[PDB]
Amino acid sequence: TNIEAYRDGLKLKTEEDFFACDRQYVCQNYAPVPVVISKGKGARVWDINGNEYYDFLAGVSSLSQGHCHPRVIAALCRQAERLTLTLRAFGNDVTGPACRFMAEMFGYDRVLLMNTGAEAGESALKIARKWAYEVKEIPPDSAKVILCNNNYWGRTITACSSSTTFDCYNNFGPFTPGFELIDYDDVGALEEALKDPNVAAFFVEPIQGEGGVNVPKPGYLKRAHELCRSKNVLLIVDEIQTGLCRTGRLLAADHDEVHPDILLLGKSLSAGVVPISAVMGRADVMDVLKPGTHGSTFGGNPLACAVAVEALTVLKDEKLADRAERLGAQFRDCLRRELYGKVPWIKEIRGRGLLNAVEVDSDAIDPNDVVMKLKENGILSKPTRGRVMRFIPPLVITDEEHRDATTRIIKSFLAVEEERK
Amino acid sequence: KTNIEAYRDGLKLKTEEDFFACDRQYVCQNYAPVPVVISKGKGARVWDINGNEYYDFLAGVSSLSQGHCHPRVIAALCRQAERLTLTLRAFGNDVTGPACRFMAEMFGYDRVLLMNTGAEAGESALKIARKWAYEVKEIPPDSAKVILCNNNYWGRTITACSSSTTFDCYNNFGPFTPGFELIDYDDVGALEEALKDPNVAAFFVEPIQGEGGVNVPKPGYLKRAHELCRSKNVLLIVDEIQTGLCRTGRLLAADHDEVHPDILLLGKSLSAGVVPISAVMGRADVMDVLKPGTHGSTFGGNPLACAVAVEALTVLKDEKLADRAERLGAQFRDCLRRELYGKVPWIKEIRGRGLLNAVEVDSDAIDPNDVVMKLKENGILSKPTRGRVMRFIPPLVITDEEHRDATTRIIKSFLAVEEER
Ligand SMILES: Cc1ncc(COP(=O)(O)O)c(CNc2cccc(C(=O)O)c2)c1O
Ligand SMILES: Cc1ncc(COP(=O)(O)O)c(CNc2cccc(C(=O)O)c2)c1O
């Protein structure tokens, strides 16, 4: 095909030829790990030279079903031969059924399909504001949304406007008003912010992802929902990264028996095959989005819908929540046993399910040394905030793969410590 | 059977009304009722669930320029989908760089930022312009301004709403992102005056306003605008998401004025309607303001979408679709004017370039929907904008025979609505 033929013509032999090509022609807004992946299957990827690795980033939990899951790829190919795009201006025979499927699986009245996690967040903020103005009857332009320090929900200007991460906002203003930032995992701070009747919503992650896999204290989300409910404030829960079995439950919010007022999904909603995200809520909230007040060219396209229904079904059929729960407990147990004390520059091993992190003291060690040693030992990962090592494999990783990978990971932390000595 | 097929079979949705009802119950109701339930598409044609054939004259608002399910593009999709779909830009791969090079060389830019949707392309361009203005122009903090035009459309994020003049796009979605100056479209004088503000970072403009009504500006508009922007060291951001990629009879609609945009946005037919991928392209000293960590997207640049995009772009060139668009579109406008002007009094204007065409009607003298229904009776699927602007945006691959046929059907519909009057 044309990508293959064009690439051959470039005579890109070596990994360096590819790194040079990316440096010259790709906008340079990433610092990637120096690997050139050519193939993925399940928990494994291979580089252009045939070297094999375990993928411990998995799209930051977009590939929970594994790379190239055969059922999902089969669903993609079948629908792609039939119909990929109509626009929501025309009906089709896929979008409604796919939304009913989701509505039933997650227990919501209405489903809005968008393409990216950022777009889901923007949509939820629009819905929460317009509901606050039209149903709560707060004063025009006065709506406030509470978010948490170190949150991450995307890269739009409005997302940058509600970030506390310097590189995410700096020099991208002037900023969208109407946000109140409070500490994460702080019910007292939330209760205080909820005294303002102009608050429309509290927008929160059940575990902060990009912020460092910050797992809150027992009861946090349960407590937050009760506080919000008492003030008629919507709880918007971002499950784009934590959702869909990654933490050992269908939604991370299930750990607290919380049914979000507005749910966001994305990432593994498509098994990492095509971009599709969802916003779900009750009718009297979602129906504020009247005809013409919101839209998206590709949102709810039939190809993505067909893929999402298959991706969702795989999670259930393969009992991936149970896998995540069991393997992740084993992961944290092994790492704590073998690394705590032995490695003094480990600050904390934390997580839920197969969303795990190892926080290192970046004054005591170069975190990039840990990254490169992991890669030498067959493990691909990328930290967040420099020092938070992340371990987010596909949930389909087998028992034997996970044991092998765990051994390689422990061996790598020990090899970096040995080098420090 | 794949999961969507099996699930849908269980719902026992027999009629078009069964589908409309499913949509009303489970899908967020932000689009108006649809006339039709499409099941398949091939080229310029679609078929409903009952096997009735129609010509698609919306084509995803120019996302399906290559036709529904173009076999090369679907083959490219399927091939890459078996190999690798997502790595994140945290890791290298053997597709993203070559695809970016392909695009850089095709459009004449140093650097290519790949995002997923048109709105995300616009958001990203505005972030680039702002950060560039702060860092290279050295304007004061938070003072950056962007000039855009009344009736502009670039998406549905809060920042897009913040810069809209369309009531249903912004109403009750504030408070709004500051920093926008709105001027009339197709008004060089108004632009010149707005450019007296030294805090202006960019002028953001469509070569033909799309959703605003297929508003074709006067001779020289974009040429004159670029010269004014250059005089003041202001970036010209040209949104070619709807007008680009051969739709108007040239590779870029900006080519009509020999304008090379400082920042170019592409989207829509970049993927032939198969998956969401958009692009922001610019020179190195503008695009390089997006340093590592200052911008990102989970799915942006994914290898599946890159493979598709290269195939989709190659089809536009191989099938000489700009030439096709130029020739057929001139035929379309000539036949409509010769058969409808003078004979139909409630037609205000027939306008367009290439195969981006509209017929504006006087909504006080006719009901625009009667035109839309008659079109559908005659096998033409279309959706107006702003109620009274009928749009004729077929795939560029529409054959000589099919285009002659559709032209006749379209004339027949207008004349039959007048005969009913
Ligand atoms: C909780 C959460 N919400 C929203 C988003 C945004 O999704 P999109 O990326 O689809 O707009 C995320 C994204 N998560 C994520 C985490 C780390 C890096 C990157 C990256 O863009 O390189 C993305 C996330 O982790
Ligand atoms: C010129 C232009 N720019 C940006 C966008 C936004 O692209 P996304 O939709 O991929 O975010 C468009 C979109 N064009 C368009 C026109 C009419 C309706 C709809 C709809 O979402 O139903 C979209 C457009 O026409």
# chains A, B, ... in the order shown; residues from 1 in each chain; ligands from 1
call {"tool": "residues_around", "arguments": {"residues": "residue 291 (chain A)", "least_positions_apart": "3", "cutoff": "9 Å", "atoms": "only C-alpha atoms", "output": "tab-separated table (two decimals) with N, CA, C and O atoms, in the first residue's frame"}}
result
chain	number	residue	atom	x	y	z
A	294	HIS	N	-24.37	21.47	19.58
A	294	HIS	CA	-23.11	20.71	19.76
A	294	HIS	C	-23.01	19.80	18.59
A	294	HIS	O	-24.00	19.55	17.93
A	295	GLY	N	-21.80	19.33	18.28
A	295	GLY	CA	-21.59	18.53	17.10
A	295	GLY	C	-20.13	18.10	16.98
A	295	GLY	O	-19.31	18.46	17.82
B	29	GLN	N	-29.35	14.05	22.02
B	29	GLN	CA	-30.18	14.60	20.96
B	29	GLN	C	-29.73	15.97	20.43
B	29	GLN	O	-30.53	16.90	20.24
B	30	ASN	N	-28.41	16.07	20.18
B	30	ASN	CA	-27.81	17.31	19.66
B	30	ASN	C	-27.81	17.48	18.16
B	30	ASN	O	-27.23	18.46	17.67
B	31	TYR	N	-28.41	16.55	17.42
B	31	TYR	CA	-28.64	16.71	15.98
B	31	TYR	C	-30.14	16.63	15.74
B	31	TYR	O	-30.87	15.96	16.46
B	32	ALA	N	-30.56	17.28	14.68
B	32	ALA	CA	-31.93	17.27	14.28
B	32	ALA	C	-32.32	15.91	13.73
B	32	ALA	O	-31.45	15.06	13.39
B	33	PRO	N	-33.63	15.66	13.66
B	33	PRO	CA	-34.07	14.42	13.03
B	33	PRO	C	-33.51	14.23	11.63
B	33	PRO	O	-33.31	15.16	10.85
B	168	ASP	N	-26.62	29.51	18.66
B	168	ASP	CA	-26.71	28.17	19.23
B	168	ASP	C	-25.36	27.54	19.49
B	168	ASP	O	-25.26	26.63	20.29
call {"tool": "residues_near_ligand", "arguments": {"ligand": "ligand 1", "cutoff": "6 Å", "atoms": "only C-alpha atoms and all ligand atoms", "output": "PyMOL selection string"}}
result
(chain A and resi 60+116-118+152-154+209-210+238+240-241) or (chain B and resi 296-298)
call {"tool": "write_last_selection", "arguments": {"atoms": "C-alpha atoms", "output": "mmCIF file, in the first residue's frame"}}
result
data_model
loop_
_atom_site.group_PDB
_atom_site.id
_atom_site.type_symbol
_atom_site.label_atom_id
_atom_site.label_comp_id
_atom_site.auth_asym_id
_atom_site.auth_seq_id
_atom_site.Cartn_x
_atom_site.Cartn_y
_atom_site.Cartn_z
ATOM 1 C CA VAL A 60 -1.739 4.851 28.854
ATOM 2 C CA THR A 116 -10.924 12.157 21.868
ATOM 3 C CA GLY A 117 -10.697 12.305 25.650
ATOM 4 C CA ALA A 118 -10.243 16.075 25.445
ATOM 5 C CA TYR A 152 -5.134 16.062 33.341
ATOM 6 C CA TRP A 153 -7.961 15.930 30.854
ATOM 7 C CA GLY A 154 -6.438 17.033 27.614
ATOM 8 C CA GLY A 209 -3.320 9.416 35.938
ATOM 9 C CA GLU A 210 -0.873 11.797 34.322
ATOM 10 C CA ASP A 238 -13.200 11.057 34.145
ATOM 11 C CA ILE A 240 -10.815 7.770 30.288
ATOM 12 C CA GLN A 241 -7.660 6.358 31.823
ATOM 13 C CA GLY B 296 -0.032 16.166 23.120
ATOM 14 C CA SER B 297 -2.870 13.835 22.194
ATOM 15 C CA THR B 298 -3.347 10.098 22.926
#
call {"tool": "closest_atom_pairs", "arguments": {"of": "chain B", "to": "ligand 2", "cutoff": "7 Å", "atoms": "only C-alpha atoms and all ligand atoms", "output": "Markdown table"}}
result
| residue | atom | partner | partner_atom_place_in_ligand_line | distance |
| --- | --- | --- | --- | --- |
| B:61 | CA | ligand 2 | 16 (C) | 5.7 |
| B:117 | CA | ligand 2 | 10 (O) | 3.9 |
| B:118 | CA | ligand 2 | 7 (O) | 3.2 |
| B:119 | CA | ligand 2 | 11 (O) | 3.8 |
| B:120 | CA | ligand 2 | 11 (O) | 6.6 |
| B:122 | CA | ligand 2 | 4 (C) | 6.8 |
| B:153 | CA | ligand 2 | 2 (C) | 5.6 |
| B:154 | CA | ligand 2 | 4 (C) | 3.5 |
| B:155 | CA | ligand 2 | 6 (C) | 4.0 |
| B:156 | CA | ligand 2 | 11 (O) | 6.6 |
| B:206 | CA | ligand 2 | 1 (C) | 6.2 |
| B:209 | CA | ligand 2 | 1 (C) | 7.0 |
| B:210 | CA | ligand 2 | 25 (O) | 5.4 |
| B:211 | CA | ligand 2 | 16 (C) | 5.1 |
| B:239 | CA | ligand 2 | 1 (C) | 5.6 |
| B:240 | CA | ligand 2 | 1 (C) | 6.2 |
| B:241 | CA | ligand 2 | 1 (C) | 4.9 |
| B:242 | CA | ligand 2 | 1 (C) | 4.7 |
| B:267 | CA | ligand 2 | 10 (O) | 6.6 |
| B:268 | CA | ligand 2 | 10 (O) | 6.4 |
call {"tool": "write_last_selection", "arguments": {"atoms": "N, CA and C atoms", "output": "PDB file, in the first residue's frame"}}
result
ATOM      1  N   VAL B  61     -19.640  16.677   4.828  1.00  0.00           N
ATOM      2  CA  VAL B  61     -19.280  18.075   4.631  1.00  0.00           C
ATOM      3  C   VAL B  61     -17.838  18.104   4.094  1.00  0.00           C
ATOM      4  N   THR B 117      -9.210  15.577  15.325  1.00  0.00           N
ATOM      5  CA  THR B 117     -10.363  16.238  14.785  1.00  0.00           C
ATOM      6  C   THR B 117     -10.034  17.635  14.270  1.00  0.00           C
ATOM      7  N   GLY B 118     -10.945  18.200  13.481  1.00  0.00           N
ATOM      8  CA  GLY B 118     -10.801  19.570  13.046  1.00  0.00           C
ATOM      9  C   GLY B 118     -10.733  20.574  14.190  1.00  0.00           C
ATOM     10  N   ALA B 119     -11.632  20.435  15.163  1.00  0.00           N
ATOM     11  CA  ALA B 119     -11.545  21.282  16.333  1.00  0.00           C
ATOM     12  C   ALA B 119     -10.189  21.218  17.041  1.00  0.00           C
ATOM     13  N   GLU B 120      -9.599  20.044  17.120  1.00  0.00           N
ATOM     14  CA  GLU B 120      -8.301  19.903  17.789  1.00  0.00           C
ATOM     15  C   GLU B 120      -7.197  20.553  16.952  1.00  0.00           C
ATOM     16  N   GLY B 122      -7.715  23.254  15.100  1.00  0.00           N
ATOM     17  CA  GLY B 122      -7.876  24.650  15.380  1.00  0.00           C
ATOM     18  C   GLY B 122      -7.355  25.046  16.744  1.00  0.00           C
ATOM     19  N   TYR B 153     -16.733  28.927  11.407  1.00  0.00           N
ATOM     20  CA  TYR B 153     -16.974  27.668  12.120  1.00  0.00           C
ATOM     21  C   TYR B 153     -15.694  26.885  12.144  1.00  0.00           C
ATOM     22  N   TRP B 154     -15.208  26.540  13.319  1.00  0.00           N
ATOM     23  CA  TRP B 154     -14.018  25.652  13.412  1.00  0.00           C
ATOM     24  C   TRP B 154     -14.137  24.552  14.408  1.00  0.00           C
ATOM     25  N   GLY B 155     -15.337  24.337  14.899  1.00  0.00           N
ATOM     26  CA  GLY B 155     -15.515  23.280  15.915  1.00  0.00           C
ATOM     27  C   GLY B 155     -16.345  23.648  17.087  1.00  0.00           C
ATOM     28  N   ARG B 156     -16.314  22.756  18.073  1.00  0.00           N
ATOM     29  CA  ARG B 156     -17.295  22.789  19.164  1.00  0.00           C
ATOM     30  C   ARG B 156     -16.667  22.783  20.556  1.00  0.00           C
ATOM     31  N   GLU B 206     -11.218  31.084   6.807  1.00  0.00           N
ATOM     32  CA  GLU B 206     -11.590  30.035   5.867  1.00  0.00           C
ATOM     33  C   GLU B 206     -11.462  30.675   4.459  1.00  0.00           C
ATOM     34  N   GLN B 209     -16.135  30.365   3.504  1.00  0.00           N
ATOM     35  CA  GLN B 209     -16.775  29.940   4.744  1.00  0.00           C
ATOM     36  C   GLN B 209     -17.703  28.757   4.469  1.00  0.00           C
ATOM     37  N   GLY B 210     -17.575  27.689   5.261  1.00  0.00           N
ATOM     38  CA  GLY B 210     -18.286  26.429   4.965  1.00  0.00           C
ATOM     39  C   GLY B 210     -19.638  26.447   5.614  1.00  0.00           C
ATOM     40  N   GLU B 211     -19.647  26.198   6.915  1.00  0.00           N
ATOM     41  CA  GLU B 211     -20.905  26.166   7.655  1.00  0.00           C
ATOM     42  C   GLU B 211     -21.571  27.534   7.614  1.00  0.00           C
ATOM     43  N   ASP B 239      -7.803  27.778   7.555  1.00  0.00           N
ATOM     44  CA  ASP B 239      -8.534  26.570   7.821  1.00  0.00           C
ATOM     45  C   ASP B 239      -9.048  25.960   6.518  1.00  0.00           C
ATOM     46  N   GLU B 240      -8.367  24.910   6.085  1.00  0.00           N
ATOM     47  CA  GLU B 240      -8.689  24.152   4.861  1.00  0.00           C
ATOM     48  C   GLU B 240      -9.291  22.778   5.181  1.00  0.00           C
ATOM     49  N   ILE B 241      -9.827  22.638   6.380  1.00  0.00           N
ATOM     50  CA  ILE B 241     -10.470  21.378   6.798  1.00  0.00           C
ATOM     51  C   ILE B 241     -11.632  21.027   5.868  1.00  0.00           C
ATOM     52  N   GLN B 242     -12.457  22.012   5.523  1.00  0.00           N
ATOM     53  CA  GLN B 242     -13.539  21.797   4.583  1.00  0.00           C
ATOM     54  C   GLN B 242     -13.220  22.088   3.132  1.00  0.00           C
ATOM     55  N   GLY B 267      -8.104  18.371   7.563  1.00  0.00           N
ATOM     56  CA  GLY B 267      -8.858  17.386   8.297  1.00  0.00           C
ATOM     57  C   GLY B 267      -9.762  16.638   7.353  1.00  0.00           C
ATOM     58  N   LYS B 268     -10.897  16.177   7.865  1.00  0.00           N
ATOM     59  CA  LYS B 268     -11.939  15.593   6.997  1.00  0.00           C
ATOM     60  C   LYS B 268     -11.444  14.585   5.931  1.00  0.00           C
TER      61      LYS B 268
END
call {"tool": "residues_around", "arguments": {"residues": "residue 330 (chain B)", "least_positions_apart": "3", "cutoff": "12 Å", "atoms": "only C-alpha atoms", "output": "ChimeraX atom specification"}}
result
/B:248-249,323-327,333-337,350-357,403,407
call {"tool": "residues_around", "arguments": {"residues": "residue 121 (chain B)", "least_positions_apart": "3", "cutoff": "12 Å", "atoms": "only C-alpha atoms", "output": "CSV table (one decimal) with N, CA, C and O atoms, in the first residue's frame"}}
result
chain,number,residue,atom,x,y,z
A,155,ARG,N,-5.6,18.7,26.1
A,155,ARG,CA,-4.8,19.8,25.6
A,155,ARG,C,-5.5,20.9,24.9
A,155,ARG,O,-4.8,21.7,24.3
A,156,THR,N,-6.8,21.0,25.0
A,156,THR,CA,-7.4,22.1,24.4
A,156,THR,C,-7.1,23.4,25.3
A,156,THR,O,-6.6,23.2,26.4
A,157,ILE,N,-7.4,24.5,24.8
A,157,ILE,CA,-7.2,25.8,25.6
A,157,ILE,C,-8.0,25.7,26.9
A,157,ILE,O,-7.4,26.1,27.9
B,112,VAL,N,4.9,18.9,10.7
B,112,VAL,CA,3.5,18.5,10.7
B,112,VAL,C,3.1,18.0,12.1
B,112,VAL,O,3.8,17.1,12.7
B,113,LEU,N,2.1,18.6,12.6
B,113,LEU,CA,1.5,18.1,13.9
B,113,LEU,C,0.2,17.4,13.5
B,113,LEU,O,-0.7,18.0,12.9
B,114,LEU,N,0.1,16.1,13.9
B,114,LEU,CA,-1.1,15.3,13.6
B,114,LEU,C,-2.0,15.3,14.9
B,114,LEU,O,-1.5,14.9,16.0
B,115,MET,N,-3.3,15.6,14.7
B,115,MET,CA,-4.3,15.5,15.7
B,115,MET,C,-5.4,14.7,15.2
B,115,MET,O,-5.2,14.0,14.2
B,116,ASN,N,-6.5,14.7,15.9
B,116,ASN,CA,-7.6,13.8,15.5
B,116,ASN,C,-8.7,14.4,14.8
B,116,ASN,O,-9.3,13.9,13.9
B,117,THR,N,-9.2,15.6,15.3
B,117,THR,CA,-10.4,16.2,14.8
B,117,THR,C,-10.0,17.6,14.3
B,117,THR,O,-9.0,18.2,14.6
B,118,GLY,N,-10.9,18.2,13.5
B,118,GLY,CA,-10.8,19.6,13.0
B,118,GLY,C,-10.7,20.6,14.2
B,118,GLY,O,-9.9,21.4,14.2
B,124,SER,N,-5.0,23.6,18.4
B,124,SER,CA,-3.6,23.5,18.4
B,124,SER,C,-3.0,24.7,17.7
B,124,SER,O,-2.0,25.2,18.2
B,125,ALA,N,-3.5,25.1,16.6
B,125,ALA,CA,-3.0,26.3,15.9
B,125,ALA,C,-3.1,27.5,16.7
B,125,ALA,O,-2.2,28.3,16.7
B,126,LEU,N,-4.2,27.7,17.5
B,126,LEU,CA,-4.4,28.9,18.3
B,126,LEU,C,-3.4,28.9,19.4
B,126,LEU,O,-2.8,29.9,19.8
B,127,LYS,N,-3.1,27.7,20.0
B,127,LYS,CA,-2.0,27.5,21.0
B,127,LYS,C,-0.6,27.9,20.4
B,127,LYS,O,0.1,28.7,21.1
B,128,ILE,N,-0.3,27.4,19.2
B,128,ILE,CA,0.9,27.7,18.5
B,128,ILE,C,1.1,29.2,18.3
B,128,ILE,O,2.1,29.8,18.6
B,154,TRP,N,-15.2,26.5,13.3
B,154,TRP,CA,-14.0,25.7,13.4
B,154,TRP,C,-14.1,24.6,14.4
B,154,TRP,O,-13.2,23.8,14.6
B,155,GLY,N,-15.3,24.3,14.9
B,155,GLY,CA,-15.5,23.3,15.9
B,155,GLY,C,-16.3,23.6,17.1
B,155,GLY,O,-17.0,24.7,17.1
B,156,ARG,N,-16.3,22.8,18.1
B,156,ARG,CA,-17.3,22.8,19.2
B,156,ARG,C,-16.7,22.8,20.6
B,156,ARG,O,-17.4,22.7,21.6
B,157,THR,N,-15.4,23.0,20.7
B,157,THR,CA,-14.8,23.2,22.0
B,157,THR,C,-15.2,24.5,22.6
B,157,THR,O,-15.8,25.3,21.9
B,160,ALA,N,-13.8,27.4,20.8
B,160,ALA,CA,-14.4,27.6,19.5
B,160,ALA,C,-15.8,28.3,19.7
B,160,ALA,O,-16.0,29.3,19.1
B,237,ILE,N,-3.5,32.0,9.6
B,237,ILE,CA,-3.9,30.6,9.8
B,237,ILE,C,-5.0,30.4,8.9
B,237,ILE,O,-6.1,31.1,9.0
B,238,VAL,N,-4.9,29.5,8.0
B,238,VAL,CA,-5.9,29.2,7.0
B,238,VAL,C,-6.5,27.8,7.3
B,238,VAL,O,-5.8,26.8,7.2
B,239,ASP,N,-7.8,27.8,7.6
B,239,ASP,CA,-8.5,26.6,7.8
B,239,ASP,C,-9.0,26.0,6.5
B,239,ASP,O,-10.0,26.5,5.9
B,240,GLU,N,-8.4,24.9,6.1
B,240,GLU,CA,-8.7,24.2,4.9
B,240,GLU,C,-9.3,22.8,5.2
B,240,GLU,O,-9.3,21.9,4.3
B,241,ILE,N,-9.8,22.6,6.4
B,241,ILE,CA,-10.5,21.4,6.8
B,241,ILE,C,-11.6,21.0,5.9
B,241,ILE,O,-11.8,19.9,5.5
B,263,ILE,N,0.2,29.0,8.9
B,263,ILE,CA,-0.3,27.8,9.5
B,263,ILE,C,-1.4,27.2,8.6
B,263,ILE,O,-2.4,28.0,8.4
B,264,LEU,N,-1.3,26.0,8.2
B,264,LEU,CA,-2.4,25.3,7.4
B,264,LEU,C,-3.1,24.2,8.3
B,264,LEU,O,-2.4,23.5,9.0
B,265,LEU,N,-4.4,24.3,8.3
B,265,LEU,CA,-5.2,23.2,8.9
B,265,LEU,C,-5.8,22.3,7.8
B,265,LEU,O,-6.4,22.8,6.9
B,266,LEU,N,-5.7,21.0,8.0
B,266,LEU,CA,-6.4,20.0,7.2
B,266,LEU,C,-7.1,19.0,8.1
B,266,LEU,O,-6.8,18.8,9.3
B,267,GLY,N,-8.1,18.4,7.6
B,267,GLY,CA,-8.9,17.4,8.3
B,267,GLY,C,-9.8,16.6,7.4
B,267,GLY,O,-9.5,16.5,6.2
B,268,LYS,N,-10.9,16.2,7.9
B,268,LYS,CA,-11.9,15.6,7.0
B,268,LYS,C,-11.4,14.6,5.9
B,268,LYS,O,-11.1,13.5,6.3
B,276,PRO,N,-10.8,9.5,12.2
B,276,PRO,CA,-10.5,11.0,12.4
B,276,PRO,C,-9.0,11.3,12.4
B,276,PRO,O,-8.4,10.8,13.3
B,277,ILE,N,-8.5,12.1,11.5
B,277,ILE,CA,-7.1,12.6,11.6
B,277,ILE,C,-7.1,14.0,11.0
B,277,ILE,O,-7.7,14.2,10.0
B,278,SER,N,-6.5,14.9,11.7
B,278,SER,CA,-6.3,16.3,11.3
B,278,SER,C,-4.9,16.7,11.4
B,278,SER,O,-4.0,15.9,12.0
B,279,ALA,N,-4.5,17.7,10.7
B,279,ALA,CA,-3.1,18.2,10.6
B,279,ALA,C,-3.0,19.7,10.7
B,279,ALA,O,-3.9,20.4,10.3
B,280,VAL,N,-1.9,20.1,11.4
B,280,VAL,CA,-1.5,21.5,11.5
B,280,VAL,C,-0.1,21.5,11.0
B,280,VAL,O,0.7,20.8,11.5
B,281,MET,N,0.1,22.4,10.0
B,281,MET,CA,1.5,22.4,9.4
B,281,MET,C,1.9,23.9,9.3
B,281,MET,O,1.1,24.8,9.2
B,295,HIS,N,2.3,20.0,24.6
B,295,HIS,CA,1.2,19.7,23.8
B,295,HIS,C,1.2,18.2,23.6
B,295,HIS,O,2.2,17.6,23.7
B,296,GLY,N,0.0,17.6,23.3
B,296,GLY,CA,0.0,16.2,23.1
B,296,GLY,C,-1.4,15.7,22.7
B,296,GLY,O,-2.3,16.5,22.6
B,297,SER,N,-1.6,14.4,22.5
B,297,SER,CA,-2.9,13.8,22.2
B,297,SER,C,-2.7,12.3,22.2
B,297,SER,O,-1.7,11.8,21.6
B,300,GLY,N,-3.3,11.2,18.5
B,300,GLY,CA,-2.7,12.0,17.5
B,300,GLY,C,-1.5,11.3,16.8
B,300,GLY,O,-0.6,11.0,17.5
call {"tool": "residues_around", "arguments": {"residues": "region 361-369 of chain B", "least_positions_apart": "2", "cutoff": "8 Å", "atoms": "only C-alpha atoms", "output": "JSON, numbers by chain"}}
result
{"B": [346, 347, 348, 349, 359, 371, 372, 373, 387, 388, 389, 390]}
call {"tool": "residues_around", "arguments": {"residues": "region 412-417 of chain A", "least_positions_apart": "5", "cutoff": "7 Å", "atoms": "only C-alpha atoms", "output": "list in words"}}
result
residues 343, 369, 370, 373, 374 and 377 of chain A
call {"tool": "decode", "arguments": {"residues": "region 171-183 of chain B", "atoms": "N, CA and C atoms", "output": "PDB file, in the first residue's frame"}}
result
ATOM      1  N   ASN B 171     -24.439  29.970  23.029  1.00  0.00           N
ATOM      2  CA  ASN B 171     -25.394  30.319  24.096  1.00  0.00           C
ATOM      3  C   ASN B 171     -25.315  29.359  25.274  1.00  0.00           C
ATOM      4  N   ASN B 172     -25.154  29.941  26.476  1.00  0.00           N
ATOM      5  CA  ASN B 172     -25.143  29.193  27.732  1.00  0.00           C
ATOM      6  C   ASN B 172     -23.986  28.225  27.875  1.00  0.00           C
ATOM      7  N   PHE B 173     -22.913  28.495  27.128  1.00  0.00           N
ATOM      8  CA  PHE B 173     -21.731  27.656  27.317  1.00  0.00           C
ATOM      9  C   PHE B 173     -20.552  28.414  27.932  1.00  0.00           C
ATOM     10  N   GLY B 174     -20.774  29.643  28.393  1.00  0.00           N
ATOM     11  CA  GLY B 174     -19.703  30.468  28.956  1.00  0.00           C
ATOM     12  C   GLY B 174     -19.533  30.233  30.418  1.00  0.00           C
ATOM     13  N   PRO B 175     -18.647  30.964  31.072  1.00  0.00           N
ATOM     14  CA  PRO B 175     -17.894  32.084  30.526  1.00  0.00           C
ATOM     15  C   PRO B 175     -16.810  31.702  29.520  1.00  0.00           C
ATOM     16  N   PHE B 176     -16.489  32.674  28.688  1.00  0.00           N
ATOM     17  CA  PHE B 176     -15.788  32.390  27.444  1.00  0.00           C
ATOM     18  C   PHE B 176     -14.321  32.697  27.492  1.00  0.00           C
ATOM     19  N   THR B 177     -13.538  31.961  26.678  1.00  0.00           N
ATOM     20  CA  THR B 177     -12.149  32.258  26.514  1.00  0.00           C
ATOM     21  C   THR B 177     -11.959  33.680  25.899  1.00  0.00           C
ATOM     22  N   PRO B 178     -11.221  34.567  26.585  1.00  0.00           N
ATOM     23  CA  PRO B 178     -10.954  35.874  26.020  1.00  0.00           C
ATOM     24  C   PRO B 178      -9.972  35.823  24.875  1.00  0.00           C
ATOM     25  N   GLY B 179      -9.808  36.973  24.241  1.00  0.00           N
ATOM     26  CA  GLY B 179      -8.725  37.101  23.250  1.00  0.00           C
ATOM     27  C   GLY B 179      -9.107  36.971  21.783  1.00  0.00           C
ATOM     28  N   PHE B 180     -10.376  37.193  21.448  1.00  0.00           N
ATOM     29  CA  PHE B 180     -10.799  37.138  20.073  1.00  0.00           C
ATOM     30  C   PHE B 180     -11.393  38.453  19.630  1.00  0.00           C
ATOM     31  N   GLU B 181     -11.063  38.824  18.395  1.00  0.00           N
ATOM     32  CA  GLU B 181     -11.661  39.983  17.735  1.00  0.00           C
ATOM     33  C   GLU B 181     -12.377  39.490  16.508  1.00  0.00           C
ATOM     34  N   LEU B 182     -13.670  39.760  16.418  1.00  0.00           N
ATOM     35  CA  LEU B 182     -14.462  39.302  15.294  1.00  0.00           C
ATOM     36  C   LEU B 182     -14.675  40.436  14.323  1.00  0.00           C
ATOM     37  N   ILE B 183     -14.432  40.170  13.051  1.00  0.00           N
ATOM     38  CA  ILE B 183     -14.716  41.113  11.970  1.00  0.00           C
ATOM     39  C   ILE B 183     -15.590  40.460  10.918  1.00  0.00           C
TER      40      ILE B 183
END
